[PDB]
């Protein structure tokens, strides 16, 4: 039978180990053992632990970017709050079904400043797709006289990205709890987004 390529096997194990232990504590030797590959193969394909973490982070985010681009195509004409609510539902469902990936993504805060900055620089183009979309949609919003497009944008992007950081951190290692709470979380999101819309608009 077909198995994962050795690179993909190493990436899988890396996602697992880094999600469980964080970047600093994780060891390349235990990643290789988990992947079932000789210790030297990690150098062969990924040079060092920093590059391995980088490649894993880019591999997982590329999958997420594909999910987003598919959603965006189908939902681009929606009201922005409606869009955000629906996308948040999808991200919750994805995180519950990809708990190892979810635990892995939240480790970025743990890494040293050089590596974190490298990743954030390299992800900016992909993350800007959603940002620029919200920015264009805010033109369709009838904003309160005292609320600038800039504050609206800042607040909405914080809500969206902060909600994600909170639930990933809260349910880290506990996907059955996320699944138990998702109906509640979704109802809560709907109300919070309604509060933001009402407060932002005329």
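Numbering follows the first chain given and starts at 1.
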query	finding
Which of 173-181 and 139-147 has higher mean CA B factor, as the PDB entry lists it	139-147
CA B-factor placement of residue 133, once the chain's modelled residues are sorted into thirds	middle
Chain-relative CA temperature factor third for residue 66	highest
For residue 161, the third of its chain into which the C-alpha B factor falls	highest
Assigned third (lowest, middle, highest) for the C-alpha B factor of residue 28	highest
